[PDB]
Amino acid sequence: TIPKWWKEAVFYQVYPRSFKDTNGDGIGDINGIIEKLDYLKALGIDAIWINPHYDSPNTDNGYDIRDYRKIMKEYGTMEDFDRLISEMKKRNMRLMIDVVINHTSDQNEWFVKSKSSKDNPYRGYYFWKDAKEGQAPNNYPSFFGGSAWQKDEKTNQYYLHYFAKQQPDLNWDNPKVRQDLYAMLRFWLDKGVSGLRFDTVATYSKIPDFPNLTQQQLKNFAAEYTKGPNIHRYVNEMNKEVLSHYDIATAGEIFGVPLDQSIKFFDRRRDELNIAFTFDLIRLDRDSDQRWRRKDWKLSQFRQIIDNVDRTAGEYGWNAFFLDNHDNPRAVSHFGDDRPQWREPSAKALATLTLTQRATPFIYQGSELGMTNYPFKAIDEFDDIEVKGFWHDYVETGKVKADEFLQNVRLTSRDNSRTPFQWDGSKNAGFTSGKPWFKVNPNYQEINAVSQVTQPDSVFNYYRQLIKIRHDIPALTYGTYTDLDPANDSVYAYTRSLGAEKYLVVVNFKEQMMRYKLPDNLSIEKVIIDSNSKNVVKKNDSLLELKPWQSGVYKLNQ
Ligand SMILES: OC[C@H]1NC[C@H](O)[C@@H](O)[C@@H]1O
């Protein structure tokens, strides 16, 4: 166990575009983040991870980068960015930025040159291939719909894009590409950035000769794209030439990587990355083939995945833990119950388990308020290119009826987490003086930061209390994680232990009162915190009477 600031820190993720607008154009910006640092400090946040802040045409809201060395026009200036770093440092907060180097915008200078001719010096910065029998090079599908190969009539070849056609993949097999990327990383790291979150880090290495995927592989192509023969060689080379020269925290977004293989990216002995962003938990109820469709899940599955993720990190790796983010539905809607009667208690319950995992917790903007999914009705209400791609592939082809599709994407769309942050009860929830780029959830009159910061029993203040408790108790960061019963579908209970310091965490996932007798002669010394409960717990109790959605943290005897 090696203590590190990034294992003990409580991170907060800010999606700039939807956090706080300060110029009235309806788009959140860097000055807006700066304006709200005192709010985040009050919450108790130690580090902020911001989504892409670089010059971009926004086909994928920042993840299609046109110029890596320029600030996104809508977000502000380089001076604004340096000020954010300064203002955060003054508050002992650290900044983590998003590194998107699997692909660039098709407007990026490198691609503009690459596509201009087969002999351009930059041709090999991307993947260009001839048609196979007048068709795409192979059957690779794109995550955002259709083929991962886009035809360019000028040079009579197709280029590879795992994501949007406007996101051509960089050729990491070209040493010149790697060297230019490392130089770019240094440009940002030398500005004082404390962390890097690597976007789709496991797909940098492409499969030699691009052979077709089998019928089976097509059902989970994401996993096939993480099987490049040089991925670890490249991540480790990046560590040796760049990462190891700074005291930074690096997170790896390893979507598609089988859990068993994830440790190769985060085992500290391997000199690759630091913090694992696994997706086994957050996608537990998602179809792996029709990635927009959801299915029913049970608490036993949820906790069994957590146990597997914990065991996989083991002694040498380290995990992040989050229940939502900008690519997934809101935590309270997904894992809790967002109906008016249960939103606040279930949100507090999820906050309790989040802040007490043996992992670095990441709180997504607005979930500290209990923000919920957005009430989408028609397909034209979505901004997300991913849902549009699924719509084209599944509904426009007649494979799935529009109503069944909408029933599912209302619950799974990334856009559920991209509606503007709900600051107060004023027009557009105080997010902007103009017209928001994406509509504000009508529930902002009931759910907003101003209403909650001064109410001691608010969701915001429950997160604040839990963050302080985590900061105060080492066992809640480093303690061994033990699930008391992986097969229990009603009461989630586990202990966090560091020597003689042992804590119990309990969450009643059912909307009925539950009695829960502790196992193995465990008994309670004292309550640390609890939520949605008026029941009295006393010294030596070994049985808890749990109200619906009740959660709590207890110090155990011995
Ligand atoms: O860059 C492609 C994809 N990578 C993962 C990011 O979280 C998501 O927002 C983005 O669209």
Side-chain angles (χ1 to χ4, degrees), residues 11 13-19 28 49-66 68 72 96-108 111 126 140-146 148 150 160-170 172 181 195-204 206 221-223 225-226 231 250-257 262 265 273 275-283 286 291-292 320 322-331 362 364-365 382-390 409 412-419 437-438:
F11 274 74
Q13 181 191 341
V14 168
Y15 189 72
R17 193 181 183 81
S18 300
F19 192 58
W49 157 34
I50 54 175
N51 287 277
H53 63 285
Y54 322 86
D55 175 55
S56 164
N58 289 308
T59 292
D60 191 21
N61 290 176
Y63 285 96
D64 54 311
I65 298 171
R66 177 169 57 205
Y68 286 103
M72 189 182 295
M96 167 176 281
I97 56 175
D98 214 311
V99 176
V100 190
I101 56 183
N102 171 78
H103 49 269
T104 69
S105 168
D106 56 354
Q107 289 185 42
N108 189 107
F111 193 70
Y126 299 84
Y140 278 1
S142 162
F143 287 100
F144 291 164
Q150 173 64 205
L160 182 64
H161 67 273
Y162 285 166
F163 294 89
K165 73 169 176 181
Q166 294 85 181
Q167 289 166 303
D169 289 55
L170 286 166
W172 276 68
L181 294 173
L196 303 180
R197 175 272 195 179
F198 290 92
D199 182 64
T200 184
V201 74
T203 58
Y204 300 165
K206 274 47 180 174
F221 63 88
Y225 296 165
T226 65
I231 190 56
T250 58
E253 185 259 297
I254 51 161
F255 184 83
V257 174
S262 69
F265 291 96
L273 304 173
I275 302 168
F277 273 24
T278 59
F279 293 86
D280 298 71
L281 183 62
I282 204 167
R283 294 294 171 102
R286 209 82 156 244
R291 309 189 309 105
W292 49 270
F322 46 82
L323 293 177
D324 64 7
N325 62 21
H326 65 303
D327 293 328
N328 289 283
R330 289 275 178 187
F362 279 68
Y364 183 67
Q365 62 165 236
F382 297 84
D383 173 73
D384 190 21
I385 182 175
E386 188 186 60
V387 69
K388 290 178 182 169
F390 287 138
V409 296
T412 65
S413 178
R414 310 198 292 176
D415 280 342
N416 280 298
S417 70
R418 306 179 175 196
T419 71
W437 75 276
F438 198 38

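As the structure lists them, so they are numbered: ligands from 1, and atoms in each ligand from 1. In this chain, residues are counted from 1 in sequence order.
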Would you check if the distance from the ring center of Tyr140 to the ring center of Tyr225 is below 6.0 Å? yes
Kindly print each ligand 1 N/O atom paired with any protein N/O atom under 3.5 angstrom away, one pair per line, or none if nothing qualifies.
residue, atom, partner, partner atom, Å
ligand 1, 1 (O), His103, NE2, 3.1
ligand 1, 1 (O), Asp199, OD2, 2.8
ligand 1, 4 (N), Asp199, OD1, 2.5
ligand 1, 4 (N), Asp199, OD2, 3.3
ligand 1, 7 (O), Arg197, NH2, 2.9
ligand 1, 7 (O), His326, NE2, 2.9
ligand 1, 7 (O), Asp327, OD2, 2.4
ligand 1, 9 (O), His326, NE2, 3.1
ligand 1, 9 (O), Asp327, OD1, 2.8
ligand 1, 9 (O), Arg414, NH1, 3.4
ligand 1, 11 (O), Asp60, OD1, 3.3
ligand 1, 11 (O), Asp60, OD2, 2.6
ligand 1, 11 (O), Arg414, NH1, 2.9

Any idea how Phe143 and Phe221 line up, ring-wise: parallel (<30°), tilted (30 to 60°), or perpendicular (>60°)? tilted
Should the pair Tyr54 and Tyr68 be assigned to parallel (<30°), tilted (30 to 60°) or perpendicular (>60°) ring geometry? perpendicular
Are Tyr63 and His326 an aromatic pair, judged by ring center distance below 6.0 Å? yes
Do NZ/NE/NH1/NH2 and the carboxylate oxygens of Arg418 and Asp383 come within less than 4.0 Å? no
Ring centroid separation for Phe277 and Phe322, is it under 6.0 angstrom? yes
